[PDB]
Amino acid sequence: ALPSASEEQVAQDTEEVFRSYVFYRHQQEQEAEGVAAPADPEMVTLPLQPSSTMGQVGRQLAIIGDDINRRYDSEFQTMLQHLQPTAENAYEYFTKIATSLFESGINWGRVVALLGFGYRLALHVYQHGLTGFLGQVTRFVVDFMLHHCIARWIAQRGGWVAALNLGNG
Amino acid sequence: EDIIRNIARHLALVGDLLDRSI
């Protein structure tokens, strides 16, 4: 794509890259384990749009945060289970987790991490029985990101197109 | 309660270390 980017485009790329990112991370994980696995390869799957430059973004992010994720993933679900959030306070809780994480600051590593645990927390409720949490989580993420000045940060770092300019690029 | 601070204190650990491993 082209250089530069505004919060407007950042939001769209965020949701897209978010779904694709979590999709890849969990995709490769399905081989090793099945923790918080998706709804099987079907219509309920995560039909991402890898045809765009964003497609490569999620993949890369999953790599730089692959070991890190799985590393603190086992424990992530452990404590997450002790939470047991709801669809009413879903955002009330999520917003807290992120705010507490990015509280120290904002960095490429923090962004990827947010999504890593994001999908987990989402599926946690979805599989629990609250069918239809994917959209809720995604919406809260994009809204929280564009509210926590996150979008602006990403745009300054070179939008989501900067992922290819990272470690494994 | 203990989870409210724990769930946040546990993420002391996913934000940083990737940025340095990239």
# chains A, B, ... in the order shown; residues from 1 in each chain; ligands from 1
>>> closest_atom_pairs(of="chain A", to="chain B", cutoff="12 Å", atoms="only C-alpha atoms", output="Markdown table")
| residue | atom | partner | partner_atom | distance |
| --- | --- | --- | --- | --- |
| A:60 | CA | B:22 | CA | 10.2 |
| A:61 | CA | B:22 | CA | 9.5 |
| A:62 | CA | B:18 | CA | 10.7 |
| A:63 | CA | B:22 | CA | 9.5 |
| A:64 | CA | B:22 | CA | 6.0 |
| A:65 | CA | B:18 | CA | 6.1 |
| A:66 | CA | B:18 | CA | 9.3 |
| A:67 | CA | B:18 | CA | 9.3 |
| A:68 | CA | B:14 | CA | 6.8 |
| A:69 | CA | B:14 | CA | 7.4 |
| A:70 | CA | B:14 | CA | 10.5 |
| A:71 | CA | B:14 | CA | 9.2 |
| A:72 | CA | B:14 | CA | 7.4 |
| A:73 | CA | B:14 | CA | 9.7 |
| A:74 | CA | B:10 | CA | 11.9 |
| A:75 | CA | B:10 | CA | 8.7 |
| A:76 | CA | B:10 | CA | 7.9 |
| A:77 | CA | B:7 | CA | 10.1 |
| A:78 | CA | B:7 | CA | 10.0 |
| A:79 | CA | B:7 | CA | 6.5 |
| A:80 | CA | B:7 | CA | 7.1 |
| A:81 | CA | B:3 | CA | 9.7 |
| A:82 | CA | B:3 | CA | 6.7 |
| A:83 | CA | B:3 | CA | 6.3 |
| A:84 | CA | B:3 | CA | 10.1 |
| A:85 | CA | B:4 | CA | 10.9 |
| A:92 | CA | B:4 | CA | 11.3 |
| A:93 | CA | B:4 | CA | 8.6 |
| A:94 | CA | B:8 | CA | 10.3 |
| A:95 | CA | B:8 | CA | 10.9 |
| A:96 | CA | B:8 | CA | 7.8 |
| A:97 | CA | B:8 | CA | 5.6 |
| A:98 | CA | B:8 | CA | 8.1 |
| A:99 | CA | B:8 | CA | 8.8 |
| A:100 | CA | B:8 | CA | 5.6 |
| A:101 | CA | B:11 | CA | 5.8 |
| A:102 | CA | B:15 | CA | 7.3 |
| A:103 | CA | B:8 | CA | 9.8 |
| A:104 | CA | B:15 | CA | 8.7 |
| A:105 | CA | B:15 | CA | 8.6 |
| A:106 | CA | B:15 | CA | 8.1 |
| A:107 | CA | B:19 | CA | 6.5 |
| A:108 | CA | B:19 | CA | 5.7 |
| A:109 | CA | B:19 | CA | 4.4 |
| A:110 | CA | B:15 | CA | 3.9 |
| A:111 | CA | B:15 | CA | 7.5 |
| A:112 | CA | B:15 | CA | 8.3 |
| A:113 | CA | B:14 | CA | 5.7 |
| A:114 | CA | B:15 | CA | 8.1 |
| A:115 | CA | B:14 | CA | 10.9 |
| A:116 | CA | B:14 | CA | 9.3 |
| A:117 | CA | B:14 | CA | 9.3 |
| A:121 | CA | B:7 | CA | 11.4 |
| A:163 | CA | B:22 | CA | 10.1 |
| A:164 | CA | B:22 | CA | 11.1 |
| A:165 | CA | B:22 | CA | 9.7 |
| A:166 | CA | B:22 | CA | 6.0 |
| A:167 | CA | B:22 | CA | 4.3 |
| A:168 | CA | B:22 | CA | 7.5 |
| A:169 | CA | B:22 | CA | 9.0 |
>>> residues_around(residues="residue 137 in chain A", least_positions_apart="4", cutoff="7 Å", atoms="only C-alpha atoms", output="PDB file with C-alpha atoms, in the first residue's frame")
ATOM      1  CA  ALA A 122     -13.308 -13.390  23.712  1.00  0.00           C
ATOM      2  CA  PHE A 133     -18.839 -12.330  21.310  1.00  0.00           C
ATOM      3  CA  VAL A 141     -11.066  -3.125  20.790  1.00  0.00           C
TER       4      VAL A 141
END
>>> atom_distance(atom1="CA of residue 142 in chain A", atom2="CA of residue 34 in chain A")
26.9 Å
>>> atom_distance(atom1="CA of residue 32 in chain A", atom2="CA of residue 120 in chain A")
16.2 Å
>>> closest_residue(among="A:24, A:56, A:43, A:136", to="residue 86 in chain A", atoms="only C-alpha atoms")
A:136
>>> atom_distance(atom1="CA of residue 2 in chain A", atom2="CA of residue 144 in chain A")
25.7 Å
>>> residues_around(residues="range 5-8 of chain A", least_positions_apart="3", cutoff="6 Å", atoms="only C-alpha atoms", output="number ranges by chain")
A: 11, 151-152, 155, 159
>>> write_last_selection(atoms="N, CA and C atoms", output="mmCIF file, in the first residue's frame")
data_model
loop_
_atom_site.group_PDB
_atom_site.id
_atom_site.type_symbol
_atom_site.label_atom_id
_atom_site.label_comp_id
_atom_site.auth_asym_id
_atom_site.auth_seq_id
_atom_site.Cartn_x
_atom_site.Cartn_y
_atom_site.Cartn_z
ATOM 1 N N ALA A 11 -8.289 2.330 12.224
ATOM 2 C CA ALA A 11 -9.359 1.544 12.823
ATOM 3 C C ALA A 11 -9.682 0.319 11.975
ATOM 4 N N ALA A 151 -4.732 4.327 18.187
ATOM 5 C CA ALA A 151 -4.758 4.484 16.737
ATOM 6 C C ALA A 151 -3.708 5.488 16.275
ATOM 7 N N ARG A 152 -3.701 6.661 16.900
ATOM 8 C CA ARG A 152 -2.747 7.707 16.552
ATOM 9 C C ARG A 152 -1.315 7.188 16.636
ATOM 10 N N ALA A 155 -0.420 4.956 13.733
ATOM 11 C CA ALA A 155 -0.264 5.770 12.533
ATOM 12 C C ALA A 155 1.085 6.478 12.522
ATOM 13 N N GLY A 159 1.582 3.279 10.569
ATOM 14 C CA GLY A 159 0.399 2.461 10.375
ATOM 15 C C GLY A 159 0.681 0.983 10.557
#
>>> select_by_dssp(residues="chain A", states="helix (DSSP H, G or I)", output="PyMOL selection string")
chain A and resi 7-32+53-64+66-80+90-104+108-128+134-145+150-156+160-165
